[PDB]
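Raw contents of model.pdb, PDB, C-alpha atoms:
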ATOM      1  CA  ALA A   1      67.986  86.190 111.381  1.00  0.00           C
ATOM      2  CA  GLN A   2      69.875  88.807 109.346  1.00  0.00           C
ATOM      3  CA  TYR A   3      73.105  86.775 109.518  1.00  0.00           C
ATOM      4  CA  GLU A   4      72.789  83.127 108.583  1.00  0.00           C
ATOM      5  CA  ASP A   5      75.107  80.184 108.018  1.00  0.00           C
ATOM      6  CA  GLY A   6      75.227  79.577 104.273  1.00  0.00           C
ATOM      7  CA  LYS A   7      74.363  83.177 103.401  1.00  0.00           C
ATOM      8  CA  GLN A   8      76.819  85.905 104.372  1.00  0.00           C
ATOM      9  CA  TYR A   9      79.276  83.283 105.691  1.00  0.00           C
ATOM     10  CA  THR A  10      79.925  79.544 105.842  1.00  0.00           C
ATOM     11  CA  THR A  11      81.406  77.423 108.620  1.00  0.00           C
ATOM     12  CA  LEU A  12      84.597  75.427 108.198  1.00  0.00           C
ATOM     13  CA  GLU A  13      83.909  71.790 108.946  1.00  0.00           C
ATOM     14  CA  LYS A  14      87.391  71.608 110.525  1.00  0.00           C
ATOM     15  CA  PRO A  15      88.352  74.826 112.328  1.00  0.00           C
ATOM     16  CA  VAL A  16      91.950  76.036 112.485  1.00  0.00           C
ATOM     17  CA  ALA A  17      93.500  76.477 115.920  1.00  0.00           C
ATOM     18  CA  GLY A  18      95.708  79.487 116.463  1.00  0.00           C
ATOM     19  CA  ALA A  19      94.585  81.164 113.248  1.00  0.00           C
ATOM     20  CA  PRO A  20      94.677  84.977 113.067  1.00  0.00           C
ATOM     21  CA  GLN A  21      91.429  86.619 114.139  1.00  0.00           C
ATOM     22  CA  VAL A  22      90.744  87.960 110.643  1.00  0.00           C
ATOM     23  CA  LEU A  23      92.728  86.373 107.801  1.00  0.00           C
ATOM     24  CA  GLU A  24      92.466  87.424 104.144  1.00  0.00           C
ATOM     25  CA  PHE A  25      94.163  85.478 101.352  1.00  0.00           C
ATOM     26  CA  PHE A  26      94.820  87.191  98.021  1.00  0.00           C
ATOM     27  CA  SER A  27      97.061  87.036  94.961  1.00  0.00           C
ATOM     28  CA  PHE A  28      98.471  90.015  93.043  1.00  0.00           C
ATOM     29  CA  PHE A  29      97.585  88.075  89.823  1.00  0.00           C
ATOM     30  CA  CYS A  30      93.897  87.593  90.780  1.00  0.00           C
ATOM     31  CA  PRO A  31      91.440  89.988  89.044  1.00  0.00           C
ATOM     32  CA  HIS A  32      88.876  89.666  91.896  1.00  0.00           C
ATOM     33  CA  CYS A  33      91.677  90.468  94.393  1.00  0.00           C
ATOM     34  CA  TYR A  34      92.472  93.552  92.321  1.00  0.00           C
ATOM     35  CA  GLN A  35      88.778  94.445  92.513  1.00  0.00           C
ATOM     36  CA  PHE A  36      88.774  93.848  96.290  1.00  0.00           C
ATOM     37  CA  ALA A  37      91.822  96.052  96.961  1.00  0.00           C
ATOM     38  CA  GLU A  38      91.654  98.799  94.306  1.00  0.00           C
ATOM     39  CA  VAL A  39      87.902  99.393  93.638  1.00  0.00           C
ATOM     40  CA  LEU A  40      86.062  98.053  96.719  1.00  0.00           C
ATOM     41  CA  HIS A  41      88.864  98.637  99.259  1.00  0.00           C
ATOM     42  CA  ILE A  42      87.562  95.617 101.152  1.00  0.00           C
ATOM     43  CA  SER A  43      90.432  95.359 103.640  1.00  0.00           C
ATOM     44  CA  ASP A  44      90.451  99.088 104.525  1.00  0.00           C
ATOM     45  CA  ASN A  45      86.692  98.994 105.104  1.00  0.00           C
ATOM     46  CA  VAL A  46      86.825  95.766 107.116  1.00  0.00           C
ATOM     47  CA  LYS A  47      89.538  97.291 109.315  1.00  0.00           C
ATOM     48  CA  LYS A  48      87.389 100.370 109.906  1.00  0.00           C
ATOM     49  CA  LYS A  49      84.632  98.210 111.391  1.00  0.00           C
ATOM     50  CA  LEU A  50      86.659  95.687 113.393  1.00  0.00           C
ATOM     51  CA  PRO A  51      85.957  95.744 117.158  1.00  0.00           C
ATOM     52  CA  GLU A  52      88.476  97.065 119.643  1.00  0.00           C
ATOM     53  CA  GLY A  53      91.529  94.833 119.757  1.00  0.00           C
ATOM     54  CA  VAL A  54      90.623  92.555 116.828  1.00  0.00           C
ATOM     55  CA  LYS A  55      93.229  92.786 114.105  1.00  0.00           C
ATOM     56  CA  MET A  56      93.400  91.820 110.440  1.00  0.00           C
ATOM     57  CA  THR A  57      96.033  89.874 108.502  1.00  0.00           C
ATOM     58  CA  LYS A  58      96.672  89.473 104.778  1.00  0.00           C
ATOM     59  CA  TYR A  59      98.575  86.536 103.279  1.00  0.00           C
ATOM     60  CA  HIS A  60      99.636  86.095  99.641  1.00  0.00           C
ATOM     61  CA  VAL A  61      99.048  82.786  97.818  1.00  0.00           C
ATOM     62  CA  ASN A  62     101.007  81.036  95.082  1.00  0.00           C
ATOM     63  CA  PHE A  63      98.598  78.985  93.037  1.00  0.00           C
ATOM     64  CA  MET A  64      98.435  81.889  90.677  1.00  0.00           C
ATOM     65  CA  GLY A  65     101.244  83.209  88.528  1.00  0.00           C
ATOM     66  CA  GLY A  66     103.911  80.488  88.511  1.00  0.00           C
ATOM     67  CA  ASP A  67     107.475  81.381  89.509  1.00  0.00           C
ATOM     68  CA  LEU A  68     106.706  85.105  89.560  1.00  0.00           C
ATOM     69  CA  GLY A  69     103.847  84.248  91.916  1.00  0.00           C
ATOM     70  CA  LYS A  70     106.255  82.560  94.319  1.00  0.00           C
ATOM     71  CA  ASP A  71     108.447  85.688  94.213  1.00  0.00           C
ATOM     72  CA  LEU A  72     105.398  87.825  94.994  1.00  0.00           C
ATOM     73  CA  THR A  73     104.627  85.666  98.038  1.00  0.00           C
ATOM     74  CA  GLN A  74     108.210  86.207  99.198  1.00  0.00           C
ATOM     75  CA  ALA A  75     107.980  89.944  98.458  1.00  0.00           C
ATOM     76  CA  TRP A  76     104.804  90.138 100.544  1.00  0.00           C
ATOM     77  CA  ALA A  77     106.652  88.392 103.358  1.00  0.00           C
ATOM     78  CA  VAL A  78     109.294  91.126 102.994  1.00  0.00           C
ATOM     79  CA  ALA A  79     106.454  93.671 103.243  1.00  0.00           C
ATOM     80  CA  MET A  80     105.068  92.089 106.403  1.00  0.00           C
ATOM     81  CA  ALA A  81     108.547  91.860 107.908  1.00  0.00           C
ATOM     82  CA  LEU A  82     109.305  95.520 107.132  1.00  0.00           C
ATOM     83  CA  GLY A  83     105.833  96.879 107.868  1.00  0.00           C
ATOM     84  CA  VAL A  84     105.339  98.367 104.378  1.00  0.00           C
ATOM     85  CA  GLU A  85     102.241  96.470 103.206  1.00  0.00           C
ATOM     86  CA  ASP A  86     100.403  99.761 102.677  1.00  0.00           C
ATOM     87  CA  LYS A  87     103.295 101.300 100.730  1.00  0.00           C
ATOM     88  CA  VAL A  88     103.570  98.475  98.184  1.00  0.00           C
ATOM     89  CA  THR A  89     100.048  97.043  97.769  1.00  0.00           C
ATOM     90  CA  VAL A  90      98.882  99.484  95.086  1.00  0.00           C
ATOM     91  CA  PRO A  91     102.024  99.532  92.879  1.00  0.00           C
ATOM     92  CA  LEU A  92     102.290  95.730  93.104  1.00  0.00           C
ATOM     93  CA  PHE A  93      98.653  95.255  91.971  1.00  0.00           C
ATOM     94  CA  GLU A  94      99.005  97.828  89.196  1.00  0.00           C
ATOM     95  CA  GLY A  95     102.436  96.577  88.125  1.00  0.00           C
ATOM     96  CA  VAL A  96     101.124  93.012  87.720  1.00  0.00           C
ATOM     97  CA  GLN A  97      97.642  93.589  86.321  1.00  0.00           C
ATOM     98  CA  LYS A  98      97.348  97.168  85.023  1.00  0.00           C
ATOM     99  CA  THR A  99     100.631  98.013  83.278  1.00  0.00           C
ATOM    100  CA  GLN A 100     102.073  94.471  83.302  1.00  0.00           C
ATOM    101  CA  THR A 101     105.469  96.009  84.058  1.00  0.00           C
ATOM    102  CA  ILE A 102     106.224  93.489  86.824  1.00  0.00           C
ATOM    103  CA  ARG A 103     107.635  90.401  85.122  1.00  0.00           C
ATOM    104  CA  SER A 104     110.664  89.394  87.245  1.00  0.00           C
ATOM    105  CA  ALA A 105     112.063  89.467  90.762  1.00  0.00           C
ATOM    106  CA  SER A 106     114.012  92.579  89.815  1.00  0.00           C
ATOM    107  CA  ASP A 107     110.822  94.428  88.802  1.00  0.00           C
ATOM    108  CA  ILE A 108     109.261  93.667  92.202  1.00  0.00           C
ATOM    109  CA  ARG A 109     112.349  95.028  93.983  1.00  0.00           C
ATOM    110  CA  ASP A 110     112.068  98.254  91.955  1.00  0.00           C
ATOM    111  CA  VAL A 111     108.578  98.764  93.415  1.00  0.00           C
ATOM    112  CA  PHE A 112     109.905  98.526  96.979  1.00  0.00           C
ATOM    113  CA  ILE A 113     112.749 100.918  96.097  1.00  0.00           C
ATOM    114  CA  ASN A 114     110.428 103.554  94.660  1.00  0.00           C
ATOM    115  CA  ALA A 115     108.201 103.263  97.758  1.00  0.00           C
ATOM    116  CA  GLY A 116     111.092 104.144 100.115  1.00  0.00           C
ATOM    117  CA  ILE A 117     112.615 100.761 100.982  1.00  0.00           C
ATOM    118  CA  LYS A 118     116.298 101.035 100.132  1.00  0.00           C
ATOM    119  CA  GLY A 119     117.777  98.174  98.149  1.00  0.00           C
ATOM    120  CA  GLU A 120     120.249  96.829 100.688  1.00  0.00           C
ATOM    121  CA  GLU A 121     117.387  96.746 103.204  1.00  0.00           C
ATOM    122  CA  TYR A 122     115.175  94.849 100.754  1.00  0.00           C
ATOM    123  CA  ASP A 123     117.848  92.296  99.920  1.00  0.00           C
ATOM    124  CA  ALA A 124     118.648  91.691 103.578  1.00  0.00           C
ATOM    125  CA  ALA A 125     114.976  91.004 104.286  1.00  0.00           C
ATOM    126  CA  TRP A 126     114.539  88.938 101.105  1.00  0.00           C
ATOM    127  CA  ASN A 127     117.322  86.565 102.163  1.00  0.00           C
ATOM    128  CA  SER A 128     116.460  86.562 105.859  1.00  0.00           C
ATOM    129  CA  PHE A 129     115.292  83.666 108.038  1.00  0.00           C
ATOM    130  CA  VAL A 130     112.340  85.788 109.194  1.00  0.00           C
ATOM    131  CA  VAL A 131     111.109  86.020 105.595  1.00  0.00           C
ATOM    132  CA  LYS A 132     111.571  82.283 105.026  1.00  0.00           C
ATOM    133  CA  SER A 133     109.452  81.681 108.108  1.00  0.00           C
ATOM    134  CA  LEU A 134     106.791  84.084 106.830  1.00  0.00           C
ATOM    135  CA  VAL A 135     106.644  82.367 103.435  1.00  0.00           C
ATOM    136  CA  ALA A 136     106.122  79.030 105.179  1.00  0.00           C
ATOM    137  CA  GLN A 137     103.557  80.671 107.491  1.00  0.00           C
ATOM    138  CA  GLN A 138     101.464  81.915 104.571  1.00  0.00           C
ATOM    139  CA  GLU A 139     101.604  78.535 102.820  1.00  0.00           C
ATOM    140  CA  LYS A 140     100.687  76.647 106.003  1.00  0.00           C
ATOM    141  CA  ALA A 141      97.682  78.894 106.659  1.00  0.00           C
ATOM    142  CA  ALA A 142      96.217  78.383 103.195  1.00  0.00           C
ATOM    143  CA  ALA A 143      96.665  74.615 103.489  1.00  0.00           C
ATOM    144  CA  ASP A 144      95.029  74.578 106.912  1.00  0.00           C
ATOM    145  CA  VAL A 145      91.854  76.208 105.512  1.00  0.00           C
ATOM    146  CA  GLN A 146      91.964  73.963 102.415  1.00  0.00           C
ATOM    147  CA  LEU A 147      92.108  77.172 100.351  1.00  0.00           C
ATOM    148  CA  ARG A 148      91.079  76.593  96.740  1.00  0.00           C
ATOM    149  CA  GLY A 149      90.683  80.154  95.515  1.00  0.00           C
ATOM    150  CA  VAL A 150      91.128  83.836  96.274  1.00  0.00           C
ATOM    151  CA  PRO A 151      90.155  86.308  97.407  1.00  0.00           C
ATOM    152  CA  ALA A 152      89.082  84.626 100.651  1.00  0.00           C
ATOM    153  CA  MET A 153      88.590  85.731 104.255  1.00  0.00           C
ATOM    154  CA  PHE A 154      88.381  83.724 107.467  1.00  0.00           C
ATOM    155  CA  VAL A 155      87.382  84.806 110.971  1.00  0.00           C
ATOM    156  CA  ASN A 156      88.957  83.088 114.007  1.00  0.00           C
ATOM    157  CA  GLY A 157      89.848  80.141 111.764  1.00  0.00           C
ATOM    158  CA  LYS A 158      86.165  79.097 111.931  1.00  0.00           C
ATOM    159  CA  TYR A 159      84.022  81.107 109.478  1.00  0.00           C
ATOM    160  CA  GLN A 160      84.573  81.861 105.797  1.00  0.00           C
ATOM    161  CA  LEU A 161      83.093  84.969 104.194  1.00  0.00           C
ATOM    162  CA  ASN A 162      80.557  84.245 101.430  1.00  0.00           C
ATOM    163  CA  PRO A 163      80.383  87.343  99.187  1.00  0.00           C
ATOM    164  CA  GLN A 164      78.236  85.462  96.656  1.00  0.00           C
ATOM    165  CA  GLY A 165      75.503  85.702  99.305  1.00  0.00           C
ATOM    166  CA  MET A 166      75.665  89.520  99.415  1.00  0.00           C
ATOM    167  CA  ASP A 167      74.079  92.190  97.211  1.00  0.00           C
ATOM    168  CA  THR A 168      76.345  93.226  94.338  1.00  0.00           C
ATOM    169  CA  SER A 169      74.196  95.784  92.544  1.00  0.00           C
ATOM    170  CA  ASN A 170      75.771  98.627  94.573  1.00  0.00           C
ATOM    171  CA  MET A 171      79.449  98.340  95.454  1.00  0.00           C
ATOM    172  CA  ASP A 172      79.258 100.532  98.550  1.00  0.00           C
ATOM    173  CA  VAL A 173      76.366  98.382  99.777  1.00  0.00           C
ATOM    174  CA  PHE A 174      78.371  95.233  99.046  1.00  0.00           C
ATOM    175  CA  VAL A 175      81.357  96.637 100.970  1.00  0.00           C
ATOM    176  CA  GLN A 176      79.144  97.645 103.900  1.00  0.00           C
ATOM    177  CA  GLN A 177      77.550  94.183 104.014  1.00  0.00           C
ATOM    178  CA  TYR A 178      80.928  92.459 103.708  1.00  0.00           C
ATOM    179  CA  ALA A 179      82.510  94.526 106.478  1.00  0.00           C
ATOM    180  CA  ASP A 180      79.491  94.227 108.763  1.00  0.00           C
ATOM    181  CA  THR A 181      79.695  90.440 108.391  1.00  0.00           C
ATOM    182  CA  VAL A 182      83.361  90.411 109.454  1.00  0.00           C
ATOM    183  CA  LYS A 183      82.403  92.554 112.447  1.00  0.00           C
ATOM    184  CA  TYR A 184      79.545  90.181 113.360  1.00  0.00           C
ATOM    185  CA  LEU A 185      81.710  87.058 113.031  1.00  0.00           C
ATOM    186  CA  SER A 186      84.600  88.497 115.031  1.00  0.00           C
ATOM    187  CA  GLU A 187      82.169  88.929 117.972  1.00  0.00           C
ATOM    188  CA  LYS A 188      80.800  85.389 117.689  1.00  0.00           C
TER     189      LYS A 188
END
Structure encoded using structure tokens:
Amino acid sequence: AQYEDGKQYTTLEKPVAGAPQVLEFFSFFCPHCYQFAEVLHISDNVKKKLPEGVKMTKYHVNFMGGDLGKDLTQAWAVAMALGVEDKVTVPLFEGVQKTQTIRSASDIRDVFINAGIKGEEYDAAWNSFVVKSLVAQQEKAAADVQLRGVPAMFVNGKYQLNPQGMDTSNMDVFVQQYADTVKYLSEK
């Protein structure tokens, strides 16, 4: 049929219990993740097609970018904790990869400030137990899917998206096929 194991998706040989329904891993240092978020808008388009009541989650990973990468995973935990993922995603991607103006923890904080998150609020979150828990949560999730690279997306901790099996000659077609696969898997 249209959808086929090994084509638009693969099946984890050891599924993850309690995983988020739709789980994307990315790194602000990853060029393909920059392509996913800034040119393809994968996550916005996936969200648009998700069935009623199925929600999507993004976690940041550390195996890219060294110490700054660890800071960016903690900053993303701040963004989840504060609900500002959509305020900071673009200036964090561009600051790391486009202008290369993000080179320290302080530079990341400046992005949150300029996006409306006051400094005292950012520091409180940065040093909070909630954020520590969210860092550990992101790391545990990637380990549980034996994550080896990004970007990556998993549905119900069972199925892994396989973009290499999709048509890449037209980006809008690729995005449509990617999002329709997430829709199909979420209903499976």
Item to check | Ground truth for the PyMOL selection byres ((chain A and resi 8) around 8), written as a count of residues only | outcome: 15
Next on the checklist: So that I can check the surroundings of residue 184 of chain A, please list as a ChimeraX atom specification every protein, DNA and RNA residue that reaches within 12 Å of it, counting all atoms listed in the file and ignoring chain neighbours fewer than 2 positions away.
Outcome noted: /A:2-4,8-9,22,46,49-51,54,155-156,159,161,177-182,186-188
Item to check | the PyMOL selection byres ((chain A and resi 140) around 12) resolved against shown file, as a list in words | outcome: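 Applied to this file, the PyMOL selection byres ((chain A and resi 140) around 12) selects residues 16, 18, 19, 25, 59, 60, 61, 62, 133, 134, 135, 136, 137, 138, 139, 141, 142, 143, 144, 145, 146 and 147 of chain A.
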Would you pick out the contacts of residue 93 of chain A at 9 Å or less, using all atoms listed in the file, so that residues sharing its chain but fewer than 2 positions from it are not included, and give the list as a tab-separated table (two decimals) with C-alpha atoms, keeping the file's coordinate frame?
chain	number	residue	atom	x	y	z
A	27	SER	CA	97.06	87.04	94.96
A	28	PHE	CA	98.47	90.02	93.04
A	29	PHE	CA	97.58	88.08	89.82
A	33	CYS	CA	91.68	90.47	94.39
A	34	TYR	CA	92.47	93.55	92.32
A	37	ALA	CA	91.82	96.05	96.96
A	38	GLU	CA	91.65	98.80	94.31
A	88	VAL	CA	103.57	98.48	98.18
A	89	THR	CA	100.05	97.04	97.77
A	90	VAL	CA	98.88	99.48	95.09
A	91	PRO	CA	102.02	99.53	92.88
A	95	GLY	CA	102.44	96.58	88.12
A	96	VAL	CA	101.12	93.01	87.72
A	97	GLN	CA	97.64	93.59	86.32
A	98	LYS	CA	97.35	97.17	85.02
Item to check | Gap from atom CA of residue 104 of chain A to atom CA of residue 56 of chain A - Å, one decimal | outcome: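 Separation between atom CA of residue 104 of chain A and atom CA of residue 56 of chain A: 29.0 Å.
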Edge lengths and centre in Å to one decimal, as lines of an AutoDock Vina configuration file, of the axis-aligned box that encloses all listed atoms of segment 108-111 of chain A with 8 Å added on every side?
center_x = 110.5
center_y = 96.2
center_z = 93.0
size_x = 19.8
size_y = 21.1
size_z = 18.0
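Evaluated against this file, the PyMOL selection byres ((chain A and resi 110) around 12) yields residues 75, 88, 91, 92, 95, 101, 102, 103, 104, 105, 106, 107, 108, 109, 111, 112, 113, 114, 115, 116, 117, 118, 119, 122 and 123 of chain A.
Take the candidates A:83, A:53, A:15, A:157 and check each one against residue 185 of chain A using only C-alpha atoms; the shortest distance goes to A:157.
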Checklist outcome for this item: Students should find that atom CA of residue 152 of chain A and atom CA of residue 30 of chain A are spaced 11.4 Å
Checklist entry - By how many Å are atom CA of residue 74 of chain A and atom CA of residue 87 of chain A apart? => result 15.9 Å
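Each of A:64, A:40, A:26, A:121 was compared to residue 76 of chain A using all atoms listed in the file, and A:26 turns out to be the nearest.
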Missing atoms in segment 60-73 of chain A: can you complete it with N, CA, C and O atoms, as a PDB file, in the frame of the given file?
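That gives us selection-v3.pdb:
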ATOM      1  N   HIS A  60      99.567  86.312 101.083  1.00  0.00           N
ATOM      2  CA  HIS A  60      99.636  86.095  99.641  1.00  0.00           C
ATOM      3  C   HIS A  60      99.695  84.601  99.339  1.00  0.00           C
ATOM      4  O   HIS A  60     100.276  83.829 100.110  1.00  0.00           O
ATOM      5  N   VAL A  61      99.113  84.197  98.198  1.00  0.00           N
ATOM      6  CA  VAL A  61      99.048  82.786  97.818  1.00  0.00           C
ATOM      7  C   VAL A  61      99.757  82.605  96.483  1.00  0.00           C
ATOM      8  O   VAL A  61      99.941  83.551  95.715  1.00  0.00           O
ATOM      9  N   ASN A  62     100.133  81.358  96.201  1.00  0.00           N
ATOM     10  CA  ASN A  62     101.007  81.036  95.082  1.00  0.00           C
ATOM     11  C   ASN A  62     100.322  80.305  93.946  1.00  0.00           C
ATOM     12  O   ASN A  62     100.932  80.169  92.879  1.00  0.00           O
ATOM     13  N   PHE A  63      99.105  79.811  94.137  1.00  0.00           N
ATOM     14  CA  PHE A  63      98.598  78.985  93.037  1.00  0.00           C
ATOM     15  C   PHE A  63      98.235  79.785  91.841  1.00  0.00           C
ATOM     16  O   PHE A  63      97.708  79.299  90.861  1.00  0.00           O
ATOM     17  N   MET A  64      98.554  81.065  91.863  1.00  0.00           N
ATOM     18  CA  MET A  64      98.435  81.889  90.677  1.00  0.00           C
ATOM     19  C   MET A  64      99.803  82.451  90.312  1.00  0.00           C
ATOM     20  O   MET A  64     100.568  82.854  91.193  1.00  0.00           O
ATOM     21  N   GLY A  65     100.129  82.431  89.021  1.00  0.00           N
ATOM     22  CA  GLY A  65     101.244  83.209  88.528  1.00  0.00           C
ATOM     23  C   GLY A  65     102.583  82.515  88.428  1.00  0.00           C
ATOM     24  O   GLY A  65     103.573  83.186  88.117  1.00  0.00           O
ATOM     25  N   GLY A  66     102.658  81.207  88.676  1.00  0.00           N
ATOM     26  CA  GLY A  66     103.911  80.488  88.511  1.00  0.00           C
ATOM     27  C   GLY A  66     105.061  81.009  89.372  1.00  0.00           C
ATOM     28  O   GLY A  66     104.891  81.420  90.524  1.00  0.00           O
ATOM     29  N   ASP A  67     106.266  80.968  88.794  1.00  0.00           N
ATOM     30  CA  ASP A  67     107.475  81.381  89.509  1.00  0.00           C
ATOM     31  C   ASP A  67     107.393  82.830  89.977  1.00  0.00           C
ATOM     32  O   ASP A  67     107.812  83.156  91.093  1.00  0.00           O
ATOM     33  N   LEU A  68     106.901  83.730  89.119  1.00  0.00           N
ATOM     34  CA  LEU A  68     106.706  85.105  89.560  1.00  0.00           C
ATOM     35  C   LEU A  68     105.764  85.162  90.754  1.00  0.00           C
ATOM     36  O   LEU A  68     105.946  85.987  91.659  1.00  0.00           O
ATOM     37  N   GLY A  69     104.754  84.285  90.779  1.00  0.00           N
ATOM     38  CA  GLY A  69     103.847  84.248  91.916  1.00  0.00           C
ATOM     39  C   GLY A  69     104.550  83.868  93.206  1.00  0.00           C
ATOM     40  O   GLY A  69     104.282  84.446  94.262  1.00  0.00           O
ATOM     41  N   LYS A  70     105.463  82.894  93.138  1.00  0.00           N
ATOM     42  CA  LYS A  70     106.255  82.560  94.319  1.00  0.00           C
ATOM     43  C   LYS A  70     107.078  83.752  94.788  1.00  0.00           C
ATOM     44  O   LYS A  70     107.132  84.032  95.988  1.00  0.00           O
ATOM     45  N   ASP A  71     107.712  84.474  93.854  1.00  0.00           N
ATOM     46  CA  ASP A  71     108.447  85.688  94.213  1.00  0.00           C
ATOM     47  C   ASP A  71     107.540  86.710  94.889  1.00  0.00           C
ATOM     48  O   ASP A  71     107.957  87.397  95.832  1.00  0.00           O
ATOM     49  N   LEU A  72     106.296  86.838  94.412  1.00  0.00           N
ATOM     50  CA  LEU A  72     105.398  87.825  94.994  1.00  0.00           C
ATOM     51  C   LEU A  72     104.985  87.417  96.407  1.00  0.00           C
ATOM     52  O   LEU A  72     104.817  88.270  97.279  1.00  0.00           O
ATOM     53  N   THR A  73     104.839  86.115  96.664  1.00  0.00           N
ATOM     54  CA  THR A  73     104.627  85.666  98.038  1.00  0.00           C
ATOM     55  C   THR A  73     105.841  85.983  98.922  1.00  0.00           C
ATOM     56  O   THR A  73     105.692  86.376 100.087  1.00  0.00           O
TER      57      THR A  73
END
